[PDB]
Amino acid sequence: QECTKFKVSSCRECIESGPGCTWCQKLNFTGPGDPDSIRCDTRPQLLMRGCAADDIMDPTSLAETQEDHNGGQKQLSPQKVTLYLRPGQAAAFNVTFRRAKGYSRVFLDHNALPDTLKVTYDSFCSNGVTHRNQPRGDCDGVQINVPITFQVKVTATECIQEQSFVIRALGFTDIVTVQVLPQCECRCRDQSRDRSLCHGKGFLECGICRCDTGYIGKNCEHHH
């Protein structure tokens, strides 16, 4: 992974700087002559400065799938997919096409998407024929009741607004419903179980004390 950042001030800003960026929420991680942006780096760079693995914030793209009770599903499965998309990190899931009759050539495609979403397909066709990273799924000569698999990869270029879209095999009425959601939030430790954090005179936000008015210092220790 790599991480190019510039004077980021928060975990959110860090995570938005690229898919390899991660954030250390460890208390007091910043030395006297360091900006808060030192908390933002690749995972191996943070481990090397002594951030523990569970203090490293790193929201990751995820796919979750659902099948119906499947008296209802025919030729395409799964029927429902939910994607959590961290910008620049593809989420991948497999779609299986299976037909009780002989199928000749199967194309897998999606409806028109906004500029912020990129979709590619790998096609795992019969006879070990495989295509990678194409604009649509494409297999030739499907025998009877033999599944073919398409690997769908979806990447967001920024933190998107939630939306759905569909994937279909051309010539068939089956639908895979794809729900997409952003994956841009850090789930950092908050201060609920310690009134001593930030001297009880600031808010703890992903390892950084945001001091109450009149208080200053990295731990809100100084009063002016």
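In case it trips you up, residue 1 is the first one in the sequence shown, and so on.
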* Looking at the other compared entries that model residues on both sides of it, is residue 69 unmodelled in at least a third of them? -> yes
* Third-or-more of other entries without residue 194 -> yes
* Asked: On average, which has the higher Cα B-factor in the deposited entry, 212 to 220 or 17 to 25?
  -> 212 to 220
* 77 to 85 set against 124 to 132, stretch whose average Cα temperature factor tops the other in the entry -> 124 to 132
* Structure fact -> Of the residues 162, 194, 158, 174, the one whose Cα carries the largest B-factor in the deposited record is 194
* Between 66, 183, 37, 42, which carries the biggest CA temperature factor in the record? -> 66
* Taking the entry's C-alpha B-factors for this chain, is residue 167 in the lowest, middle or highest third? -> lowest
* **Within-chain third of residue 101 by Cα B-factor, per the entry** => highest
* Within this chain's modelled residues, let me know which third the CA B factor of residue 139 belongs to: lowest, middle or highest. => highest
* Structure fact -> residue 149: C-alpha B-factor third of its chain, per the entry, is the highest
* **residue 198 - which third its CA temperature factor falls in, relative to the rest of the chain** => middle
